[PDB]
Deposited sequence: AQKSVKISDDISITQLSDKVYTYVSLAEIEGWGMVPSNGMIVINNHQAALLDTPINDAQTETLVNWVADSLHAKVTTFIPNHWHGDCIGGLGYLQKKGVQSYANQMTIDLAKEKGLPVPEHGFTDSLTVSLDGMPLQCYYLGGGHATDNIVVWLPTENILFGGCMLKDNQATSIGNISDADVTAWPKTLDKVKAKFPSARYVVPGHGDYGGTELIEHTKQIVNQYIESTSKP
């Protein structure tokens, strides 16, 4: 059940420990972005932030006030705004961040907020006992794009690397590695055959079919461009 927690942010529960939110932002489009909120021992991990500090603040305050958990952790999918737009506020709030080194480096050269701990292959952050496993399986939608697996929950936040079942466009391929994209998706499917829920960057979530679907979109793109 979708729960509007603001006129722009709405949250939806997938399990007792996991929630996926959608924040909307006018830009391009009044586009909607997805992210997660993983809770344990009154500790929250925000996975991706809303387009900015304002939205981010609203969400974090809702997690506290409503979910009765304090966001102490943050992991961005990659350096794009719908991933780290609210990192500044979080840092202001004292949040520990982890991200692919690639992301850290890009945000850096981009004068963008910088996640503070950087990993290169894979990493597991124990959200007070709860494992949040991050993996860099290759380039996709963005060169630095990662996925975060919640083993205990069997939930994959594949991020902006996966498209919802209704999607039909490859999207912004400005920072994408098109040719790598299909192989990454291959590694992802193979790596999480147990995905109960697969959550993408924009749109509704589903199951592992989101992987094969995104891969259909990309391969077709690669063919359209004979």
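Absent C-alpha positions map to the deposited sequence ranges 1 to 2, 31 to 32, 230, 232, in order along the chain.
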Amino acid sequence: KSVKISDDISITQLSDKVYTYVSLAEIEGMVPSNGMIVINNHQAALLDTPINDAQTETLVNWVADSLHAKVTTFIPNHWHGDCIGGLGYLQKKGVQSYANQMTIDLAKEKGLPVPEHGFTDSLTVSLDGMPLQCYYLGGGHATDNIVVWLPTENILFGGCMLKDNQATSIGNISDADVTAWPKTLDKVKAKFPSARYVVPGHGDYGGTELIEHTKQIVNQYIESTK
From here on, numbers count along this sequence of modelled residues.
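Higher mean CA temperature factor, per the PDB entry, when comparing 135 to 143 with 84 to 92: 84 to 92. Relative to one another, 120 to 128 and 75 to 83 have unequal mean CA B-factors, and 120 to 128 is the one with the higher figure.
As recorded in the PDB entry, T179 shows the highest C-alpha B-factor of the residues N172, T179, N34, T184. Among the modelled residues of the chain, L162 sits in the middle third by CA temperature factor in this PDB entry. Annotation for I9: CA B-factor lies in the highest third of the chain's modelled residues. When the modelled residues of the chain are ordered by C-alpha B-factor, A25 sits in the highest third. Compared with the other modelled residues of the chain, the Cα B-factor recorded for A69 ranks in the highest third. Among all modelled residues in this chain, the alpha-carbon of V60 has a temperature factor (C-alpha) in the middle third.
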